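Chain lettering (A, B, C, D and E) follows the sequence in which the chains are written, and residue indices restart at 1 in each chain.
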């Protein structure tokens, strides 16, 4: 029964995770160690799935994520929410590119001593509300300024069909006037970016990772 | 409860006091900040659960006693919400003397 | 066609009763947002005031004055005021009483 | 921050007070008011968490130094 | 009271065209969204909506001038009519000036160069001839600053305008929305060749929304067999029949002959309406 349910899970994943980075590292009766991201390490499991089997099927499929994997910040929300496993896999495949982009962003600041006295006053950390949105705010204690970038999952009607796209935009609180000392960089971002309707930027996940770096190119 | 850090004492005197006693107060404040960090998340989780309950009020209701049970449950929920607010207020006021040195240090370093 | 006339009259009486109800409620329990929320929500359900529970205790001065049966006699002006109001209001043992004056049946307030 | 957490949970009931007042459909103004109230509650919770983390880190660095 | 469900589709319609304005600005080379050009190009439609907005103002002014006073409980329908107009995501006055300015600009262009095919193009072709490529650029640039400046840009883009029943793909069920036989065999198809689940008129179309009063169809109205289908456009409507008490202002057994009785035998597209088989 354990093997049959594992085979069913693997078949469903193959149906839902058709990507060139999908691979299984270690197979265990009680846990799953498979790699679906672009991590170079062979034995590092990007996603860990614990197997809790019952007389007929798996009781619960708990998703565990490696600390090196940037996706570990969503672990408590996955743990406390009993959502469909297929839906969880769909969300993971839909947001893997976003996770890679934010991994690059956080590793830019997380680099070790490069023998440069460029002690930047801006620190990048991830703000979290729920599974529907992921938020990034730039902490500057020296200048006393904030740079909030919210990424929500909003549905938009497209050719008689509703689609979900990443809504990368500045919050409605960001009605920053020209008088702010840090306003130059928000204004530059607005001028050079603001599918753009003036405030929001809806993007295809297959194309979020270059455009976000285009936003991050100004940031870096 | 216990006032390890006296009120009105200067920062340097607190440094001298902290330098000794083998860091029992350091252990206590580390435990307090750890439990505050481990309490931050469950408050968010249960608050989202309360929002979900409120939004789904028009579902799974067919008997009047069901409303009695559900609304007694929610009133109890906000009961432990106010209790947890009081507990976190106590936690922050316990660390209030410790945080009181930060404004003085910042203004002296200015 | 007296049926529709009495339905509409009952609806107007209900809306004015609800108006007096919330204008009195917002001031009697102004100090407790919890109590106001649970009271108005239970009355939206249709719960009689004698069954629901209160976390806080109200002062006894308002209870003594609203009835006047104590040492201080009720004011004749207060009598006229309570006559002109559409709802008979009184508190018995830290709980008020609410009863419809036209329909004695179990008027369900549920939505 | 002590007053903000108290008023925010008092205001979410206050924001709803007019919402069930009409109940005693839904107005879009009240719905967006509730949305901004809950999102600002989450934001101030995150800000307080960040402030606590920064204060803690200052605590260890000053104790070490 | 019965006009309220119609007004919901009336507001839901004007939002779809305004939504396409924002989309077309970013990518003007998309040929799949050329319908937006023809709608504004139609000359009587701009006047027709203005007349609708005129009588809407007249009705509201008359209702304000002559409100219901004997029974306050009956004022809900009158009050709701005022509320739905004010609570609309886009102001009607700003949208009223939008179509008015288009008419004047499209009249002076006729005097600049005489042409009669443009009248056909703006009404039927829903396209602009290549010789008038400069005219197409004017629609994209001017529409942004005219009305959108007074509305919420973020809200209209994400607004739920789906279910308008405009395209044919969302009229018939997806099982049968395809060619079934080769052109050699002809265009008319015998019923016996249809799929077993698709051999009844009930499975031909989406029986979810109404087409005359623009109201949602409940389970009771679906199952009573008193609804009608148009043999021409596939529309489904329960017009010409007494409405249930739950759809009235107050639940009652009084039977009232409502305006749907105009379309008892003739559909909206001049087609015939027949009792839907169960």
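Here is the rule we use: contacts are C-beta pairs under 8 Å (C-beta built on N, C-alpha and C of every residue); 3 or more make two chains touch, one makes a residue touch a chain.
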| item | value |
| --- | --- |
| Chain whose Cα mean lies nearest the overall Cα mean | D |
| Pair of chains joined by more contacts [C-beta pairs], B-D or A-D | B-D |
| Taking each chain's C-alpha mean as its centre, the one farthest from subunit A | C |
| Euclidean distance of C-alpha centroids - subunit B vs subunit E, Å | 55 |
| Chain centre separation in whole Å, for subunit C relative to subunit B (CA means) | 39 |
| Centre-to-centre distance between subunit B and subunit A (centres being mean Cα positions), rounded to whole Å | 29 |
| Interface hub residues of subunit D, defined as touching at least two other chains | 42 |
| Junction residues of subunit C, two or more chains touched | 34, 41 |
| Multi-chain contact residues (two or more partners), subunit E | none |
| All touching chain pairs, where touch follows the definition stated at the start | A-B, A-D, A-E, B-C, B-D, C-D, C-E |
| Subunit B - residues contacting subunit C, complex | 64, 67, 71, 75, 78 |
| Of subunit B, residues touching subunit D in the complex | 15, 18, 26, 29, 33, 36-37, 40, 43-44, 47, 51, 81, 85, 88-89, 92, 98-99, 102, 105 |
| Footprint of subunit A on subunit B - complex, ascending | 41, 45, 48 |
| Subunit E partner contacts - residues on subunit C that touch it in the complex | 4, 7-8, 11-12, 15 |
| Residues of subunit C that touch subunit D when the two form their complex | 18, 22, 33-34, 36-37, 40-41, 43-44, 111 |
